[PDB]
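None of the figures in this text is laboratory data; all of them are computed from the coordinates on show. With ideal geometry, Cβ positions are generated from the backbone for all residues, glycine too; neighbour counts draw on all protein chains shown.
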Amino acid sequence: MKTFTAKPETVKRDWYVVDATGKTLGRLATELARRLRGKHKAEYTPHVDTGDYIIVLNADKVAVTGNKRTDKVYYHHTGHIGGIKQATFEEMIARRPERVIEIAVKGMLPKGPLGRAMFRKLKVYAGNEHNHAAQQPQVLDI
Amino acid sequence: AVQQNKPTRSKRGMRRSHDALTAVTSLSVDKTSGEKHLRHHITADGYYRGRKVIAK
Amino acid sequence: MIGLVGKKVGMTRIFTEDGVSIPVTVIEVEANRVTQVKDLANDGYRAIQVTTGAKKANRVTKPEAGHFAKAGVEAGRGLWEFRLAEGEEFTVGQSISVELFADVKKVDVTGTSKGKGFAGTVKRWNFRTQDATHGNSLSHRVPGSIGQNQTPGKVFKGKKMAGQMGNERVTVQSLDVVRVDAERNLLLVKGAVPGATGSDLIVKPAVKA
RNA sequence: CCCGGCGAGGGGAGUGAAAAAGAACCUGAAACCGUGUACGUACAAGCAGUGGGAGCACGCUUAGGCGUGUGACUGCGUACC
RNA sequence: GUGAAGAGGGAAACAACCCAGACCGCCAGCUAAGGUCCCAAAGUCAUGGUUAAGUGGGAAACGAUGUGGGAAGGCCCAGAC
RNA sequence: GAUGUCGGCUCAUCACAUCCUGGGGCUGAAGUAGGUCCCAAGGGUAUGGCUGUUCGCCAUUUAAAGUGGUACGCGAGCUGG
RNA sequence: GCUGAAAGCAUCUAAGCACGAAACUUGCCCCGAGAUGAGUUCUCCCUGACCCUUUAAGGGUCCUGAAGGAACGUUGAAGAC
């Protein structure tokens, strides 16, 4: 008896909408990554993307404990010798809040072609409105 | 100055992907002699645009 | 405010009664016809598309003809856009002349610089030439070292090397406006501007001010 | 006999058990280089395999859900002497 | 004692450290070190405390009304600081 | 069974224990001009005489002629004193 | 620095509030939707008829060949190609 393996052509994916207001960044991110990978489904398969589409609203209202709102620094290198550029949590929220949640979730997903595919199912919006009503998203409290 | 490893037959083929020749798209037909020829060139019989330019 | 599109006629000078010679660039600015108006509701930003000059009918493609037909203007030799400063209103088919530069006193001129082709480091980056004698061996104009030893073990991005020079967009800022000849559709600006004779130029009021 | 430059080199014809024994000639391996077919491959990083594994093609099969080829994706994995 | 002549698990990677000595097969189970929010298998476990420094996750003499706990003492409704 | 070793030339790049420029506290800071310490690496940061010299001395400049890392950066880039 | 407790006072700080540099984010110039997250806007073009079948993002025949593109030619203050 071979162990059951999910098939990408017959895998069911649902749509959920999550409100990030007042939610701890990391704790919220873990649940998103867990569901984006399909770890909550009994038919989870490591080599198949069995996760669900998730819409995140009010990304600019995410919360961080301690002094992380001004002390957490995001580093990235442009590739040139000058290179290193940094931005604090406050600046990222003011400049482009969606990247804060996207960056956090991206680090918790597996690395590789499948991990990138999982990240594609995450939709993050700074405001309280999304244009995915045609997908009939279901409210998810996490 | 010289290679440290032998390039593969695959690498050789990928370098030659741009070596393919391009055939002439089409040949013009002379008004009078009806001979196929390169556009803007005289025909093998000495015609050009049905004028009989120089044959001897 | 908005700018205008002109052609680099050439360079000359203007003699002043005080005995001063002003090197000027003659820019022919024909009437600029507005071909499209963009707003936040439909395009997300405020701007106007303009055209100038004339184009041969047989050289105008059907997609281009329809764009001009919608605005009801004669086809030009190109299309350019200018952002609106929250206080400018224009309508399609409106003709904009060089008269709007009458009270600017300084403009920004943009154009495509002359193309030098493949240029060496000496010409392109003002690299210092090595000795022409004293034992030099085939290294009179070569760049020289391009990096350091094993520690980096590579050449950093942006390293100055030989390559294409010129034939690129260039802007010269804060050029005095010497004269504005509306009847002759001419604009005289002190100094030189990028590009060769007959090249398209974009003239805008100076932003530095 | 035919193409070709009264060429080179071939295609027929004929000889022979055999011409894929044609004189560059018994057998005709490997490296190496090609044509055809199946599958994979242009958002993906490393001793190139291994374990798992969808899809496709194909052969089965008294549907028997197996075999063969390919290998999206994924765990682990830095040649030999 | 181990490596040398020793694979496996852990210490991110890491012959010599920790756990443990691979006869072969199994898509069975229990454990060691080490671990149980996600990458990544398993507690966002239970109870009582400490830390606010991202200390945890690099370091001294020495400096300081940071903060928790403990045993004493001086002066105080004859009115203290 | 080779990892070209001083100096110059060309071309650099990073660190900040800052030479100049910028912002400050103290001063035995009247002013001008300084001393010392703190913040700050955006840009800038001599030419010659002698010597193979780096260095150094000297002449004359400059707002300043900073200190170090980069195989005491750089010979499949040059030079060979 | 202001206000201000912990600590009747004092205190720029613990709640709250205002200043502060060539550094930082912008402002200026250039590249830029392979930004596979491949975006937006305007305009233009195509309005046949059948067959086969393992009947589907299927294959084939006839008719049709648009917008536009490329090619070729004369060439450029564009250019190694």
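Things worth noting here:
- Residue match in segment C:101-108 (condition: away from RNA strand D (no atom under 16 Å from the Cβ) and free of Cβ contacts under 8 Å to residues at least 40 places away in the same chain): yes
- Some residue of segment A:97-106 being free of Cβ contacts under 8 Å to residues at least 12 places away in the same chain and more than 10 Å from RNA strand E (Cβ to nearest atom): yes
- Condition check for A:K2: over 30 Å from C:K159 (Cβ atoms), free of Cβ contacts under 8 Å to residues at least 24 places away in the same chain and not in a helix (DSSP H, G or I): yes
- For segment A:94-127, the tally of residues that are among the small types (G, A, S) and within 16 Å of RNA strand D (Cβ to nearest atom) stands at 4.
- Positions within segment A:75-102 being assigned to a loop (DSSP other than H, G, I, E, B) and within 14 Å of another protein chain (Cβ to nearest Cβ), in sequence order: A:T78, A:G79, A:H80, A:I81, A:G82, A:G83
- Failed condition for A:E90, given (1) within 19 Å of A:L36 (Cβ to Cβ); (2) more than 13 Å from RNA strand E (Cβ to nearest atom); (3) free of Cβ contacts under 8 Å to residues at least 24 places away in the same chain: (1)
- When residues of segment A:1-22 are limited to those that are surrounded by 11 or more Cβ atoms within 10 Å (Cβ to Cβ) and within 16 Å of RNA strand E (Cβ to nearest atom), the one nearest to A:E43 (Cα to Cα): A:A6
Matching residues to (1) surrounded by 10 or more Cβ atoms within 10 Å (Cβ to Cβ); (2) in contact with a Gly (Cβ under 8 Å, 6 or more places away or on another chain); (3) in contact (Cβ under 8 Å) with a residue 12 or more places away in the chain:
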position: B:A1; (1), (2), (3): no, no, no
position: B:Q4; (1), (2), (3): no, no, no
position: B:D30; (1), (2), (3): yes, yes, yes
position: B:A44; (1), (2), (3): yes, no, no
position: B:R49; (1), (2), (3): yes, no, yes
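- Any hit, segment A:66-79, residues being more than 16 Å from RNA strand F (Cβ to nearest atom), surrounded by 15 or more Cβ atoms within 10 Å (Cβ to Cβ) and in contact (Cβ under 8 Å) with a residue 12 or more places away in the chain: yes
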